[PDB]
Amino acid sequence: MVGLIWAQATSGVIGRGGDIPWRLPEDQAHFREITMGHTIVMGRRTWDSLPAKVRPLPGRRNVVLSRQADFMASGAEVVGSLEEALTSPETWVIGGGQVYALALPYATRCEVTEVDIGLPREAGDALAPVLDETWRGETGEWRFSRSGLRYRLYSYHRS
């Protein structure tokens, strides 16, 4: 099983300026529950975005995709291709925009947090991947985050 997990604004923006323009503790807890114990695969830019104290995320095989053969991600594996990372029962791709697009052919699950923030797309933004007609979706109810933004979970799946 390869799954993708991400949070997006209603516009599809998932990242700006190398970070994320919101922070929902509830979504972080959801992310932790879904990924805990499994492989997590991330692009090098997303690894860069994690603070050194939080890196690697605990209890998970942290894998970083990079074309730099000498890139060092202390506490993580650095691989040059996505296929190298797929050696575990569950693999969660945790971003960013480039790696979501790269991993989508391998994917049968997408756990998507829609954040009710009106965030027009700007040049340089990272965006959520486009899901074609093979994906079947199940939508949760809108919830209030303590941060003040509403959010809802979509669970997309396909054979």
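Sequential numbering from 1, following the sequence displayed. Only the largest set of C-alpha atoms that superpose within 1.5 Å between the two forms is called the rigid core.
Between 14-22 and 134-142, the larger root mean square Cα shift in 8 other deposited structures of this protein, once each structure is superposed on the rigid core, falls on 14-22. Relative to one another, 131-139 and 21-29 have unequal mean CA B-factors, and 131-139 is the one with the higher figure. Look at the C-alpha B-factors of 47-55 and of 117-125. On average they run higher in 47-55. When the CA B factors of the chain's modelled residues are split into thirds, the value for residue 156 lands in the middle one. In this PDB entry, the Cα temperature factor of residue 104 sits in the top third of its chain's modelled residues, the highest group. Looking at the C-alpha B-factors along this chain, the one for residue 2 belongs to the middle third. Residue 70: CA B factor in the highest third of modelled residues in this chain (values from the PDB entry).
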